[PDB]
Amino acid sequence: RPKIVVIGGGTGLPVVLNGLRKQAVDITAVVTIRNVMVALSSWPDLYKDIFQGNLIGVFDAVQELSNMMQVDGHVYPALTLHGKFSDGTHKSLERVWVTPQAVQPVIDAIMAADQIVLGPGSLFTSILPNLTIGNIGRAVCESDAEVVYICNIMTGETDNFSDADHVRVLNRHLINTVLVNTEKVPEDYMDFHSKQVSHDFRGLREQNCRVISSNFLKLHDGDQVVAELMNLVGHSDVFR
């Protein structure tokens, strides 16, 4: 029974997270929340409907709520973010950091974990503010769990980046495999409703990173994504 630890954000988190739920696995989300709950919540749906309201410290509540909301799994968690720009701390976040102690319970998960997932979500705003915190950032790196990164479908922070650049930006802040979306998001579509992460194989490889390229685009999928996520932790030595 694989052990997946997740760390991401944005509207993409409850998609893949809601994906790991239907699966046989011990889910763990390092958040910093409503979706993360409804997502891993086992509640009917009539109930989940009502939850969406928000009128209902953090760690306590959540850890209380999770169990109130029949959440087979754990959704762990002040702190405030800084940003060290391409100068001056609207421009280009070149490294943000949060200022702090990682809650003993999380690192324990990261450790015993088989697969640590990071993303979807912004690099500097979602994924980093949780890793940057040294104590949790060493767990990702001393772990016998394989780290996997679901690269964003799109791109001041990340303008003109590529799968490579993203990974690079992460590592620099302190990754085993990357889930790269090869599906093309269409002009007139983006027009109808910024750019799309480019694809550079080498830079990604030259970073001791594996490349899993497929169709993760939906108009990421989540189930298609949870698929590679599930095939990954299934054949990995760490799990077997």
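Numbers for residues come from their place in the sequence shown, where the first is 1.
According to the entry, the stretch of the deposited sequence that connects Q104 to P105 contains no residue lacking coordinates, so the chain runs unbroken between them. Missing coordinates between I56 and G57 amount to 4 to 9 residues of the deposited sequence.
139-147 and 159-167 differ in mean CA B-factor, and the higher of the two is recorded for 139-147.
As listed in the deposited structure, the average C-alpha B-factor of 121-129 and of 67-75 is greater for 67-75.
Annotation for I33, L40, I175, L204: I33 ranks highest, by Cα B-factor. Placement of the Cα temperature factor of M154 within the chain: middle third of the modelled residues, per the deposited record.
When the CA B factors of the chain's modelled residues are split into thirds, the value for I212 lands in the lowest one. In this PDB entry, the Cα temperature factor of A61 sits in the top third of its chain's modelled residues, the highest group. The entry lists a Cα temperature factor for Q52 that places it in the highest third of the chain's modelled residues.
Remark: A113 belongs to the middle third of its chain, ranked by C-alpha B-factor as recorded.
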